[PDB]
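Participant: Got a structure here, written out as structure tokens. Questions coming.
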Amino acid sequence: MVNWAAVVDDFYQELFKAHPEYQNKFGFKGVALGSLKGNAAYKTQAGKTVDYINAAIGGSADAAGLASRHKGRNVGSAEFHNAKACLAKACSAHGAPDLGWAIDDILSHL
Ligand code: HEM
């Protein structure tokens with residue numbers, strides 16, 4: 001099966017490399033990027049991200065609910081546009097299908 005866990009790991013590496021300040025909103029704030037895989041808060045977040053991807057593909061994802069939760073953290077369309085680019089890179093590195101359509105679904109509620 002597609003290794004979404006690896007894709008998500010690359011996604012977070014790209015995301016926080018381009019926008020380090022985004023990492024301050026998470027429970028793994030201040031943690032060195034190359035050590036995130038050993039951080040408990042990160043493992044949980046990454047797992048939830050993998051879950052969301054599988055839910056989007058599976059057809060059970062609640063894009064409206066995810067958008068509202070992100071608004072609840074002062075995360076908006078701009079951040080999601082930035083994320084879209086990082087995820088596109090991360091998918092490509094693993095021969096995985098692109099996920100822009102799923103981010104578009106979220107953006108449609110931001
Ligand atoms: C491809 C784009 C993204 C996806 C698929 C995604 C997915 C998720 C998921 C599944 C959760 C958990 C929600 C829950 O538990 O109900 C979450 C939480 C969160 N997301 Fe994202 N996200 C994305 C982009 C971003 C960006 C760009 C930011 C920028 C700051 C961000 C900030 C957060 C924060 C602060 C949380 C809560 C963390 C915590 O509870 O400690 N997200 N995200």
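Residue numbering restarts at 1 in every chain; chains get A, B, ... in the order shown in the structure tokens, and ligands count up from 1 in that same order.
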Grab me every residue within 6 Å of ligand 1, counting only C-alpha atoms and all ligand atoms, and send it over as a short mmCIF file (atom, residue, chain, number, x, y, z; two decimals) with C-alpha atoms, in the first residue's frame.

Facilitator:
```
data_model
loop_
_atom_site.label_atom_id
_atom_site.label_comp_id
_atom_site.auth_asym_id
_atom_site.auth_seq_id
_atom_site.Cartn_x
_atom_site.Cartn_y
_atom_site.Cartn_z
CA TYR A 22 4.12 27.25 11.89
CA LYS A 25 1.49 26.26 17.05
CA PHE A 26 2.15 22.56 17.81
CA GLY A 27 3.06 20.53 20.91
CA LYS A 48 -3.74 12.11 12.70
CA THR A 49 -2.53 13.60 9.42
CA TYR A 52 -7.01 12.42 7.53
CA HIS A 70 -7.87 25.19 11.72
CA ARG A 73 -6.01 27.95 15.63
CA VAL A 75 -4.74 29.03 10.51
CA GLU A 79 -1.22 28.72 5.31
CA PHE A 80 -3.19 26.04 3.45
CA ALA A 83 0.83 23.54 2.75
CA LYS A 84 -0.54 22.52 -0.64
CA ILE A 103 -6.60 20.47 0.19
#
```

Participant: Which polymer residues have any atom within 12 Å of an atom of residue A:44, counting only C-alpha atoms, with same-chain residues fewer than 6 positions away left out, as a ChimeraX atom specification?

Facilitator: /A:5,8-9,26-28,36-38,50-51

Participant: Just give me the gap between atom CA of residue A:53 and atom CA of residue A:31 in Å, one decimal is fine.

Facilitator: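 Interatomic distance, atom CA of residue A:53 to atom CA of residue A:31: 24.3 Å.
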
Participant: Residues within 10 Å of residue A:12, please, as a PyMOL selection string. Count only C-alpha atoms; anything in the same chain fewer than 2 positions from it doesn't count.

Facilitator: chain A and resi 7-10+14-18+23+33+36+42+46+49+83+86-87+90
